[PDB]
Structures are given as structure tokens and as C-alpha cells.
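First the structure, in the form of C-alpha cells, and then the observations on it.
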Amino acid sequence: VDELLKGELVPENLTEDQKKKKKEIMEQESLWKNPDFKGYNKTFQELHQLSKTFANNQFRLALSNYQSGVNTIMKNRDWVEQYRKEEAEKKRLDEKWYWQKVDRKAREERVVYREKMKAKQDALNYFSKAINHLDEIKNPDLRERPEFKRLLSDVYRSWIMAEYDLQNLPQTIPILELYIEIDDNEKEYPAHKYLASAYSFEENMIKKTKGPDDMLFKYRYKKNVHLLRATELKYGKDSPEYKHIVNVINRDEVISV
Amino acid sequence: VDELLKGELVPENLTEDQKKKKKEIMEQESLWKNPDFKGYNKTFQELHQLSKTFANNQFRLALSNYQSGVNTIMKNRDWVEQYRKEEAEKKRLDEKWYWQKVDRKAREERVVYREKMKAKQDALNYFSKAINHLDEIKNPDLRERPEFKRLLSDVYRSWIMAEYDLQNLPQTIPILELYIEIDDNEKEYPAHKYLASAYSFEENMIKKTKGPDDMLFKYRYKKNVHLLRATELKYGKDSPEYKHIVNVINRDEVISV
Amino acid sequence: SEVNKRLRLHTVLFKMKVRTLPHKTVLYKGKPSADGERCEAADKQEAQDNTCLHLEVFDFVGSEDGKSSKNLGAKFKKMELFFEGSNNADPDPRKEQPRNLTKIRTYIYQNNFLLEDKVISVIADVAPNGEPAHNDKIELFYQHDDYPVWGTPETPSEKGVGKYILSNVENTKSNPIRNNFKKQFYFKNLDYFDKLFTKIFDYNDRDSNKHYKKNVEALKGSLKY
Numbered sequence: 007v008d009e010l011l012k013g014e015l016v017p018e019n024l025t026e027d028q029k030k031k032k033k034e035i036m037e038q039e040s041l042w043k044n045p046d047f048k049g050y051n052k053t054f055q056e057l058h059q060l061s062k063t064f065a066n067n068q069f070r071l072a073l074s075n076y077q078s079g080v081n082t083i084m085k086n087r088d089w090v091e092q093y094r095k096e097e098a099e100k101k102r103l104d105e106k107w108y109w110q111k112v113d114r115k116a117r118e119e120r121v122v123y124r125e126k127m128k129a130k131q132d133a134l135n136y137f138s139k140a141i142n143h144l145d146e147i148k149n150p151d152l153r154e155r156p157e158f159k160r161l162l163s164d165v166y167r168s169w170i171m172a173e174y175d176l177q178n179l180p181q182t183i184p185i186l187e188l189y190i191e192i193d194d195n196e197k198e199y200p201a202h203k204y205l206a207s208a209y210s211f212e213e214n215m216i217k218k219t220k221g222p223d224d225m226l227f228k229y230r231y232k233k234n235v236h237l238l239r240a241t242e243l244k245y246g247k248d249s250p251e252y253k254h255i256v257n258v259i260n261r262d263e264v265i266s267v
Numbered sequence: 007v008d009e010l011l012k013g014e015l016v017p018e019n024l025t026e027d028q029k030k031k032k033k034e035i036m037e038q039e040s041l042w043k044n045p046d047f048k049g050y051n052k053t054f055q056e057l058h059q060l061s062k063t064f065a066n067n068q069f070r071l072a073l074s075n076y077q078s079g080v081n082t083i084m085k086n087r088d089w090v091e092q093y094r095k096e097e098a099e100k101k102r103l104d105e106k107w108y109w110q111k112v113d114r115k116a117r118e119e120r121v122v123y124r125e126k127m128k129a130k131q132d133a134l135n136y137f138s139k140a141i142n143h144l145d146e147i148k149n150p151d152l153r154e155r156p157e158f159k160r161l162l163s164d165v166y167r168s169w170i171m172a173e174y175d176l177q178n179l180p181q182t183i184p185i186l187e188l189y190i191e192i193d194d195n196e197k198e199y200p201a202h203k204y205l206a207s208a209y210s211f212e213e214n215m216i217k218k219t220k221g222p223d224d225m226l227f228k229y230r231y232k233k234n235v236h237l238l239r240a241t242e243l244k245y246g247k248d249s250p251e252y253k254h255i256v257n258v259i260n261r262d263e264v265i266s267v
Numbered sequence: 017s018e019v020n021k022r023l024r025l026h027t028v029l030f031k032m033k034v035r036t037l038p039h040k041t042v043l044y045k046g047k048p049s050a051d052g053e054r055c056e057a058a059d060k061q062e063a064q065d066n067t068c069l070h071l072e073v074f075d076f077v078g079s080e081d082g083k084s085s086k087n088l089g090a091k092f093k094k095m096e097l098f099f100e101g102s103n104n105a106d107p108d109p110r111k112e113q114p115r116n117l118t119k120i121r122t123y124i125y126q127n128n129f130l131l132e133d134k135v136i137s138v139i140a141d142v143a144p145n146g147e148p149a150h151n152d153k154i155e156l157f158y159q160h161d162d163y164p165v166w167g168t169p170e171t172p173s174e175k176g177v178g179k180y181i182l183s184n185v186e187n188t189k190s191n192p193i194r195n196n197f198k199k200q201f202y203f204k205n206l207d208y209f210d211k212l213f214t215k216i217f218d219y220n221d222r223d224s225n226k227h228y229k230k231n232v233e234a235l236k237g238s239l240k241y
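Quick look at the structure:
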């Protein structure tokens, strides 16, 4: 069941009485045909944002960015695989020491890590543009369609994976919480694994800067809630791995006897 | 079939009904024979722009500019060939060190380079004047004749080749597109080769100046279209050269999975 | 032109799953809907029940001035291939024989939000193969600002308005509408989707070779120890 098979949000083309109403209005605009008209008051024209064609264009705008941004990730992996392959194929005619190989190996790992951070930022720019297009649709009826919930979740998933590569953990928390409230995305364990790490980063910074304990307790609690939830969704309840996490959480949290 | 060997756009000169019409018209104007008359209203005189004599005349002017512009390039090659011939024939009695040859040979190149680039701009003006003579003809009946198709192709062909040497690549895009819309010119690989470079040139300019992605894709798309199209027309489809180009375009463009 | 004959080879897409698609390109397969006007997307894209191809390319108004993100309108040009009969028994899409075309439908859409201008053009050729000159069997349907309503035939008073056949228009030297229609738009439109159909298949066909090679590569990792 591919929601994005047709590449649109809602299909667009019945009642004879309704067909009669559309006839008279269409003839009214025939007399008042003026392509150069520009409304001083935009309130009437702003209601066009509720039209189905408006949402079709916004959806395909955001969809277009997602394809470009995802292409950046895929093209980067293709070149990294190609670049590593070429390195082992070229002849090292001036290397006869073990430490020389390590330095040469460290050169490639610098180049590869240099290109990845460049690729992620280019992709993250596209995913940001896709997000803005999805958020300028004001029709709640069109916000519940299978096509909409498919792209909104796919954009967020590719956005967070790109954001986390750039060590920007605290920015992922608001997006992660909105991701786990769409369809059955809360049932996924990877969506809870990133939540475990993101709240752990905020736990350290509050402790490191000697901030309020109130923000520390809130971020620590959110970490334990989603760390345990992630294991439950992957290794299952009453499993030896689940038992281990209970020991850590009870050790880490506060219990009143 | 040689269209240029005709020497005219159309040979303009039967029916008794038409012949009787000619005799009565010529006598009406013969009574009003005022060779010094100049009409205050240009509208009636503008009808002469639709005549066959007018079109038979603008063809000669463009051809003369084309033929004269050909001689500029032709004579330039004779000069350069004779110039480098005389350099090796005249005795060098003060030449006994190796680096004497390097500087003297490099001096000839700057002399030759000045000769060629001066010839191009000298020839380009003739080609540019030829275009303005062809675009002012307002007889659609005579615009489809074989003679017009040959000259408009030859004028555009030499115009694009000369403009390429002056590094005026972005100015060849409109002329190249109009060149591939005439007869079987779309089946020639050189015409699509320049389009690959010209759109690549515009692609870099937007990339260099960091312009919008919209214009980048438009030039990127047209680049790959005429890059692959030129590959097809030279080695044939499913050729080893064709296969490699597809892989290059595969990483270049954007794909969705 | 012999172009539509080359479009017969595009029946291999039915049994080949589509994964690699160019940017802003939509393609799926299904069964004809009521009246044979369009195609309905099937729930399964690999069954032999499908007899049609759907291919859509969409763009944005304002991409020529860098204002695509300004939301100035929407547009898309899509073409479909209608096939007759069932698919072959074997599920292999590499070996598929050319099949006739029931009809070729061309759909042009272009809507401008600011100017409130909408142009919908539908072109259907119910005789793709069989006769080089089948002008009277080419249906043209022009709509402008929702006028006329869908399915309204052409009237003698309003020539060119509503659904009509290509043979209605003239081919005089004064207004060679028919000859230009073949030279200007129709010939280029068919070739554009002809290469695109081959473009999609070759991309997905190539991925078959790689996964065979990927398994070979991981096996060579045991030769080092």
C-alpha cells in the first residue's frame, strides 16, 4: 500500500444541483475577467489557501525537496564506496613502513568524514525546506489523509537522521515528539532510541553547567521513560535485556522507601 | 541538392485573367507616375516588405555578409600556416642555447593568438549582420524554401563556432536552439555537443555565484539531455561510450527511491 | 513517424517493480476505469491483471524565474499507454514481447494562482498502430477556466472549444494548424515520454546486476583469512 504512489495529496476531478451552482458562478467571472486585478485587502484572496489545488502544490513542493535531500544522502554513500574502492586500487610505490600506512589510512578517514558533514548539511537544507511547505497547509481534513501522514513521517525521519549526524541532539527533541504522534510511529523502537540519546545529552549539559535540578530531573526522567520503551519494543518485556535496563533505571532514578 | 547554388531565395518573374489584371494596374500607376513622390503614410509602403523582390534582396545581403565572414577565417588560416612556415625557414644565426628556442617559439604563439582572435571578432561582425538580414523577412511562404533553410543554418553554424572561441558561451544558447529546429540539424552530434558545454557554462555561473536551485536544475537538466543526445548520434545507442555517460549522469542528476 | 511502434516495447514495465524514478516523476500501473478514459491504480503492481501504464511528470509555476518556492501555481504533463490482452505466464520482465496499443492518452495541466489562469489539454489517439494517417481518430479536448464542462463536444459556432477530433482543423498554407501540431508539439511529446520510459526501465534493470555483484563481493572477504 504505497500512499505516495500517485504523487499527490488528494485526487481531484457530480450532483446536478451542485453542477448548476458551479455553472452560474463560472459565468459571473466571465464578465469580470481582469488578470491585472490586485486586491488591496488580502483576506478574500488568502482563503485560496484552503483550496485542494493549493494543498496539491504544497504537497508536491515538499515532496520535491524530500527527493532532492534524500538523493544527497544516497549520492554521498555511492561516492564514499567508490572513493574507498579507488584508494585500495592505486599503487603505493613509495611506502615501505607500517606507520606510513596508518598515516595514509588517516588521510582517507579525514576526507570521508569531511565529505559526510558537507553532504548532511546539504541534505538538511533540503529537508528543512520540505518541512516548511508541509506546515503551510491549513486544511485539517487534508491533514489526516494517508498520503499526508506518509510524507510527514518520512520527512521527519530523514530529517532527524541528518540532524543527529551533525551532533545537533537538542534540536531533535521537538521533532521526535511530533514524530511519535503520527499513525503507529510510536510503536517503532528506533524513534525511541534517538529520544534516549537526545535526553541524555541535555542531562549532561544541565549537570555540566550546574543548572537547576528541575531541568535535570525532567530530562533524566524522559531518558529513562524512552530508554525502557525502546527495549520493550525490540527485545520485548520480561526479557533478560529488559531486566538489565530496569536495574540501571532504578539505580539512576530516585526511590522513596 | 545545393540550395546556395541557386543564388536567390526564389526566382520571381501567364494566366490571361492575371495578365489582363497586370495591364490595367500598370496604366493606373503610369498616369500617376511621380518618381519623386514620397507617401506621408508609411502603411501602404510597408506592404512592399511582403514582396518577393524584397525577400530576394535580403537574402543577398545576408549571403554577402556570410561569404565575406567566411574569407576572414579562411585567410587567417593561410596567414598562420605561412607565418609558421617562414619562422622555420629563416635562418637563426644567433641561436645556440636551448632556452632561446623556448622563448622564441612562445613568442610565435602570442603572435598567432592575436591573429586568430582578431580574425574572429572581424568575422563575427559579418555573421551578426547576416542574422539581422534574415530575421527582417516577413514572408512566411518564402521562409520555408530550401534556400532559406540552408543559409539560416550556415549563418547560425558559423556564428556559433566563431562565438565559441570568444568565450561567449551563454550567448550561443538561443542561436543553438533555433538551429536544431530546422530540417535534420537535430540529428547532428556537434550541435548537441556545444549545448552540453554552454549549459554547463551557465550551470557553473549559477553555482559559482550561489544562485537559486531552480535555475541550477534547468541548466543541469538541459546539460544531461544534450550530453546524452550527442552520445547517441556519434557512437550509436547501447555503445560502450553511451553506457558510461549514463553512469556519469546517474550520479549527476537526482533520483528517487 | 513510426514512433508509436517503438512505444510497443514498453510493456516490460508491468512485471518489473519500479524503484528508481527521476526527480518529479510519478509512474504506476493499473486497469482501465469506466469508459476507458483513464487508468485506475491497482492494489498490486505485479499481477497480470494490469493492462495500462501511468506516467506523470510534474513541475512548478515560477521555476523559470527562481520563484518555484513562492507557490505561484502548479502544472504537470502526463501520458499513458493502454494495452490489450493479458500478460505472459512467466513472471520474468526481462523477456517480454512487443504488444499493441489500445490508445495513447496525453494530458496537459497548467494552473496559475495569481493570474487565476488554468489550462487543461487532453489528447487521446485511439489508433496508435494500424494506419500511418489516422487524423480523424485523434481526440483533442481543450478546457479553459473550467469552460466547457467535461465531455462537451465541439460546436460549429465555437471551433476548437470542447472535445473534438484532429480532422476538424484545416491544413491550409494560411493557418497550417494540423501540420504545425505534428511538427511542434506532438512529435516532441511522444519522443520525450519514449526516452523517459526507456530511462526508467534501464535504471531499475541495472539494479538487478548490482545485487548479484554485491553477494559476490561479500564472499571474497573470506579469502583474507
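Residue numbers (the deposited numbering), protein chains in the order written: chain f, 7 to 19, 24 to 267; chain Q, 7 to 19, 24 to 267; chain g, 17 to 241.
Quick reminder that beta carbons are idealized off the backbone N, C-alpha and C, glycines included.
* In terms of residue numbering, what span does the beta strand (DSSP E) encompassing g:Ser137 cover? -> According to the DSSP assignment, g:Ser137 belongs to the beta strand (DSSP E) that extends over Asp133 to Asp141.
* Which parts of the stretch 164–207 of chain f are runs of the alpha helix (DSSP H), unbroken and 4 residues or longer, counting only runs that do not cross its ends? -> Runs of the alpha helix (DSSP H) spanning 4 or more residues and lying entirely within the stretch 164–207 of chain f occur at 179–189, in chain order.
* **Outcome for Q:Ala116 when other beta-carbon atoms lying within 10 angstroms are tallied against a minimum of 16** => It is exposed - the Cβ of Q:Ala116 has fewer than 16 other Cβ atoms within 10 Å.
* Between which two residues does the beta strand (DSSP E) harbouring g:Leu117 extend? -> Where g:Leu117 is concerned, the enclosing beta strand (DSSP E) stretches over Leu117 to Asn128.
* Where does Q:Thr25 sit, in a helix, a strand or coil, going by DSSP? -> The answer is coil: DSSP assigns Q:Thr25 none of H, G, I, E or B.
* Does f:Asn81 have its Cβ less than 8 angstroms from a Cβ in chain Q? -> With 8 angstroms as the cut-off, f:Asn81 counts as an interface residue toward chain Q.
* To do: With a 10 Å radius around its C-beta and 16 neighbouring C-beta atoms as the bar for buried, classify g:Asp223 as buried or exposed.
  => Burial call: exposed.
* Burial state of f:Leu24 (16 or more Cβ within 10 Å) -> Taking every protein chain shown into account, the CB of f:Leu24 has fewer than 16 other CB atoms within 10 angstroms, so this residue is exposed.
* **Cα-Cα separation between residue 246 of chain g and Q:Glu213, rounded to whole angstroms** => The structure shown does not extend to residue 246 of chain g, since chain g is modelled only from 17 through 241, so no value can be given for it.
* To do: Excluding the 5 residues preceding and the 5 following g:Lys215 in the sequence, name in chain order all residues of the same chain whose CB lies nearer than 8 angstroms to its CB.
  => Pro38, listed in sequence order.
* Own chain, CB closer than 8 angstroms to g:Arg115, minus 5 neighbours either side, in chain order -> Excluding its 5 nearest sequence neighbours in each direction, g:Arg115 has C-beta neighbours in its own chain below 8 angstroms: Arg24, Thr27, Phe99, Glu100 and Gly101, listed in chain order.
* Could you check which residue in g:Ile139, g:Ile154 and g:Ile120 has the C-alpha nearest to that of g:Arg22? => Among g:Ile139, g:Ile154 and g:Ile120, the Cα nearest to that of g:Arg22 is on g:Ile120.
* alpha helix (DSSP H) runs contained entirely in the stretch 17–44 of chain g, provided each spans 4 or more residues -> Runs found: 19–22.
* is_contact[f:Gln77, chain Q] using C-beta, thresh 8 angstroms -> Yes, because at least one Cβ of chain Q sits closer than 8 angstroms to the Cβ of f:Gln77.
* DSSP three-state call for g:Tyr158: helix, strand or coil? -> Strand.
* Quick one: residues in its chain with C-beta nearer than 8 angstroms to the C-beta of f:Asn66, no 5 flanking neighbours on either side, listed in chain order? => The residues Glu14, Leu15, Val16 and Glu18, in chain order, have a CB closer than 8 angstroms to that of f:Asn66 in the same chain once the five nearest residues on each side in sequence are set aside.
* Asked: So with Cβ pairs under 8 angstroms, would you call g:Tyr163 a contact of chain f?
  -> g:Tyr163 counts as touching chain f.
* To do: Can you pull the chain Q residues whose beta carbon is under 7 angstroms from the beta carbon of g:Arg24, in chain order?
  => Near g:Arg24 there are no residues of chain Q at all, since even the closest Cβ is about 17 angstroms away, more than 7 angstroms.
* To do: State yes or no: is the C-beta of g:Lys134 within less than 8 angstroms of the C-beta of g:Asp161?
  => Yes.
* Under 7 angstroms Cβ-Cβ, which residues of chain Q neighbour f:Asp88? -> What f:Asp88 touches in chain Q, judged by beta-carbon distance under 7 angstroms, is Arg261, going in chain order.
* Asked: Run through DSSP, which three-state label would Q:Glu9 get?
  -> Correct three-state label for Q:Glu9: coil.
* **8 angstroms Cβ cut-off: residues of chain Q touching f:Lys85** => Going along chain Q in sequence order, the residues near f:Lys85 (Cβ under 8 angstroms) are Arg261.
* Can you find a CB in chain f that lies within less than 8 angstroms of the CB of Q:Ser266? -> Nearest CB-CB separation between Q:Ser266 and chain f: below the 8 angstroms threshold.
* For f:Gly79, three-class secondary structure by DSSP -> Three-state result, f:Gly79: helix.
* To do: Return the first residue and the last residue of the alpha helix (DSSP H) that Q:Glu251 is part of.
  => Boundaries of the alpha helix (DSSP H) around Q:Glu251: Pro250 to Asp262.
* Asked: Who are Q:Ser266's beta bridge partners in DSSP?
  -> Answer is g:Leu37, bridged to Q:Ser266.
* Pull up the distance between the alpha-carbon of f:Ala72 and that of g:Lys94, whole angstroms please. => For f:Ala72 and g:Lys94, the distance between alpha carbons rounds to 20 angstroms.
* To do: Please name the residues in the stretch 214–228 of chain Q whose beta-carbon is closer than 9 angstroms to at least one beta-carbon of chain g, in chain order.
  => Answer in chain order: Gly221, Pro222, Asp223, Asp224, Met225, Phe227 and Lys228.
* To do: Would you mind stating whether g:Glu186 and g:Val177 have Cβ atoms separated by less than 8 angstroms?
  => No, these two residues do not count as a Cβ contact at 8 angstroms.
* To do: Pick helix, strand or coil for f:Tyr209, following the three-state DSSP scheme.
  => In the structure shown, f:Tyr209 adopts helical secondary structure according to DSSP, grouped into three states.
* Tell me g:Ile181's beta-bridge partners as DSSP assigns them. => DSSP, once it has assigned bridges, lists g:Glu155 as partnering g:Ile181.
* To do: Show which residues of chain f have a CB atom less than 9 angstroms away from the CB atom of g:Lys40.
  => Taking the beta carbon of g:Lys40 as reference, the chain f residues within 9 angstroms of it are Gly13, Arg70, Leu73, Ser74 and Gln77, listed in sequence order.
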